[PDB]
Amino acid sequence: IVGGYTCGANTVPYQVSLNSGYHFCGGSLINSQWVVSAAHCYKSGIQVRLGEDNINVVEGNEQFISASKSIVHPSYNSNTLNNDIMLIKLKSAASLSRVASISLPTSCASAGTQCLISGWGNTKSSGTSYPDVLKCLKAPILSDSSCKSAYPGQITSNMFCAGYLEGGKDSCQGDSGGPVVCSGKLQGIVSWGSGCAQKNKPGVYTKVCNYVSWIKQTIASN
Amino acid sequence: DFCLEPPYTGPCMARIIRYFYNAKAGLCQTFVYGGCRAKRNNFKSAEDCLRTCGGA
Ligand SMILES: [Ca+2]
């Protein structure tokens with residue numbers, strides 16, 4: 001997260017860290033045994049870390065649970081990045097105020113909606129600086145038109161842009177798979193962009209409201 | 001020669017550590033890969049990197 005602020009310990013209870021010997025992606029807890037993240041974050045040997053604030057020191061509120069199954073959307077396209085969503089089943093159920101699940105959306109959010117984006121990704125647009133603690137950012141959802149203007153022929157109906165055209169505030173490496181929460185509902189998943197916090201290049205997110213039925217049924221039959 | 005190409009992080013926002021052959025240093029080094037659209041000078045281990053590109 002570039003241009004954000006320190007969230008404060010366990011103030012984003014649904015935020016998870018995907019660990020493979022080190023933090024490589026974020027994710028959101030949607031129920032005691034399931035996590036949603038990005039499809040490009042698929043990796044073998046994933047350990048999910050819940051209740052984290054400082055990802056470098058054991059603070060006592062953590063729960064490290066291995067993934068038993070990782071389900072990448074059947075239509076995920078690694079070239080176009082369309083359908084960049086994945087479900088991770090925990091090997092055991094997490095014990096749910098410092099660890100809680102986030103609600104799925106009943107409807108899609110409109111342009112202008114203010115959302116909270118969180119993650120342990122790079123905090124520098126030009127440079128490298130990974131934080132110990134969780135960072136937060138409030139950014140508005142942008143209209144489909146402007147999103148398509150920023151990324152010609154790359155935006156599908158399953159993607160939305162959020163951020164500031166001026167730049168300076170955005171998600172970055174290390175944030176992929178993390179949550180974009182608006183009005184208490186999970187609306188997006190950090191996915192891709194052109195650099196971080198660049199002017200006229202807002203971040204691109206997976207539009208969760210289009211996958212709700214797939215998520216509910218997939219979770220139930222696995 | 002793809003072994004001579006600089007490392008490519010790509011457009012995705014992950015922080016995945018991979019290896020690339022650094023022809024200047026004559027060795028495989030680590031870099032941050034974003035998770036998608038990998039070019040060929042991108043390996044999961046130093047051994048794979050040295051086998052494919054070593055000595056380029
Ligand atoms: Ca910790």
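Convention: sequence-line order gives letters A, B, ...; per-chain numbering from 1. Atoms within each ligand, like the ligands themselves, are counted from 1 in listed order.
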- Message: Please determine whether A/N56 has a backbone or side-chain N, O or S atom lying under 3.0 Å from the Ca ion (ligand 1).
- Response: no
- Query: Is A/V57 close enough to the Ca ion (ligand 1) to have an N, O or S atom under 3.0 Å?
  - Reply: yes
- Task: Determine if the SG-SG distance between A/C115 and A/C182 falls under 2.5 Å.
- Result: yes
- With the Ca ion (ligand 1) at the centre, find the angle made by OE2 from A/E62 and OE1 from A/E52, to 10°. 100°
- A/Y42 and A/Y76: same hydrophobic cluster, using ILVMFWY side-chain contacts below 4.5 Å? yes
- Would you tell me whether A/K135 and A/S118 have side-chain atoms, one donor and one acceptor, within less than 3.5 Å of each other? no
- Can you label the angle between the A/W120 ring and the A/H23 ring as parallel, tilted or perpendicular, going by 30° and 60°? perpendicular
